[PDB]
Amino acid sequence: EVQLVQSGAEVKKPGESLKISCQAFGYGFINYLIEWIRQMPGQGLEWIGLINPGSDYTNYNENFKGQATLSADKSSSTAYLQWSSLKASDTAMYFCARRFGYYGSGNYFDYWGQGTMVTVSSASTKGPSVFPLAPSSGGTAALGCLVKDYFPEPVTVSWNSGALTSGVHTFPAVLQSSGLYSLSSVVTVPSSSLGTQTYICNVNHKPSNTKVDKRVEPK
Amino acid sequence: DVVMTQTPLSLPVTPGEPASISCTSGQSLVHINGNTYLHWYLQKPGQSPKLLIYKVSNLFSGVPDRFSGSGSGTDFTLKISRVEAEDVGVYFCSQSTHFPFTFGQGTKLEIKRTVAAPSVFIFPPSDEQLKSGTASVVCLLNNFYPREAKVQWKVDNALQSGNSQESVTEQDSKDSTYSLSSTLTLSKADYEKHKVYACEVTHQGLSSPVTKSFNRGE
Ligand SMILES: CCCCC/C=C\C/C=C\CCCCCCCC(=O)OC[C@@H](O)COP(=O)(O)O
């Protein structure tokens, strides 16, 4: 087995620069061909570049020469991606990968790092506000929580401390014009249970150390 | 840059049926060395792509033989002889003949099921939110199929635009339905000077558009 481990998720402002790492665990780093590929959420794959740590060889996507610098330290088997003058539209999941060997080698690999999430935005770390989506009018009822105005991603949401998962839908976040994120989490339950069962949503936004439990009651 | 064009963009499949994904390159993928470096990947949500097939027709280790690849020059096809639930996700063609390496935009493969109408629910803003200075009205379309759904907001019968946002869940693994939330966002001020807030839903499983309303303050 070979494995690629990338550095942690980055949050930057427009105009700033980043440097993300991709560490290799294997024999013969110097004959690797390491690629970098990014993916905006919901979007396609964009090829950035390829590097051969054992030579001077880099190949770049012309659209990114000027922002992107590929490099590698042979002593630590780590490859690097530098990106200057970040733009909001550079927000993406960034992967390193080892897919090929030299042409003619017969080699085909499928080694991908776990990806490094890069968020480029002019906004500042902020915990969410949690508002209830209350049920109303022996069939089935719906209820939820609104998780509003937080930054950056992600947030996690559970119901009754994880004891409820059936009928739960936790929607993907949407970026508001404020630069803050907003999502709902909902759940459908029998309307006969509305007087008996307590419903609490557990919203956890690590980046700001916010942890909130909101009780969701009728009326 | 060698442009790679995938069709169809979206492919609903019924477990048991054969599927077919097409990739066209804007220029020949035959290398000067004679080989054709066209590869197929499958990416499941929140995961990275996995190699399925390399150089047109070769199965990557571990990949079952119900997957086959074919084609030549500029024209390539991925076939699944009998689809399964596990085959769901986004398929990308990838070329490594010419620099810069390029990818097609993806074909989404989803499970095809019988038409299911949404259950629609509407939630007025909370008292708690109103104290904050803002009003978010939320419309929920629940466990429906297929994805094509029209949600329109009506405030005192005036059609709204540009003040709502939608998001949609991934296809549910056990029932194959989608769910959707539409959020109308207003200022407390703009909110309070209207009475009827209405969510109107159009979808293939509804004989006619369904509205869910509240008159502010109940
Ligand atoms: C240390 C001395 C360096 C040797 C000089 C050789 C190459 C120059 C350095 C880097 C260029 C790497 C670019 C190669 C891109 C390869 C892309 C690719 O589809 O691989 C396919 C190969 O794994 C296998 O091919 P085949 O045997 O099936 O034909």
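Every chain is numbered from 1, with letters handed out A, B, ... down the list of sequences. Atoms within a ligand are numbered from 1 in the order they appear, just like the ligands themselves.
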**Report entry** Per-atom contacts of ligand 1 with B:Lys55, taking only distances under 4.0 Å to non-hydrogen atoms
**Finding:** 28 (O)
Query raised in the report: Considering only heavy atoms, which of A:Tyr103, A:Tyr57, A:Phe100 lies nearest to atom 15 (C) of ligand 1?
Result: A:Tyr103
Report task. Would you verify that at least one protein heavy atom lies under 4.0 Å from atom 5 (C) of ligand 1, or report that none does? Result -> no
Query raised in the report: Hey, do the aromatic rings of A:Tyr150 and A:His205 have their centres closer than 6.0 Å?
Result: yes
Query - Within the 6.0 Å centroid threshold, strictly below: B:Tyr54 and B:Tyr37 - result: no
**Report entry** Pairing of B:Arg147 and B:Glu110 as salt bridge, 4.0 angstrom limit
**Finding:** no
Query raised in the report: Between B:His31 and ligand 1, which part of the residue brings a heavy atom under 4.0 Å of the ligand: side chain, backbone, both or neither?
Result: neither
Query - B:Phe76-B:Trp40 aromatic ring centre distance below 6.0 Å - result: no
Query raised in the report: Taking heavy atoms and a distance under 4.0 Å, where does A:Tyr108 meet ligand 1: side chain, backbone, both or neither?
Result: side chain
Query raised in the report: Considering only heavy atoms of B:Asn35, which atoms of ligand 1 have at least one such atom less than 4.0 Å away?
Result: 26 (P), 28 (O), 29 (O)
Query - Salt-bridge contact A:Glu35-A:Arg99 (side-chain N to carboxylate O under 4.0 Å) - result: yes
Query raised in the report: Atoms of ligand 1 less than 4.0 Å from A:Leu33 heavy atoms?
Result: 12 (C), 14 (C)
Requested in this report: Of the side chain and backbone of B:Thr97, name the one, both, or neither that has a heavy atom under 4.0 Å from an atom of ligand 1.
Outcome: neither
Report task. Mark yes or no: A:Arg98 above the aromatic ring of A:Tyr111, with NZ or CZ under 6.0 Å from the six-membered ring centre and no more than 45 degrees from the axis. Result -> no
Requested in this report: Give the minimum heavy-atom separation between A:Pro53 and A:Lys74, together with the two atoms involved.
Outcome: O-CD, 3.4 Å
Report summary line: One finds that the ligand 1 atoms under 4.0 Å from a non-hydrogen atom of A:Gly106 are 24 (C), 26 (P), 27 (O)
Query raised in the report: Is any side-chain N of the basic residue among A:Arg38 and A:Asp90 closer than 4.0 Å to the acidic one's carboxylate O?
Result: yes
Requested in this report: Answer yes or no: does an N/O atom from A:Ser55 fall short of 3.5 Å to an N/O atom of ligand 1?
Outcome: no
Query raised in the report: Which atoms of ligand 1 are found less than 4.0 Å from any heavy atom of A:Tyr102?
Result: 6 (C), 7 (C), 22 (C), 23 (O), 24 (C)
Requested in this report: Any atoms of ligand 1 less than 4.0 Å from a non-hydrogen atom of B:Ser96? List them with their elements.
Outcome: 17 (C), 18 (C), 19 (O)
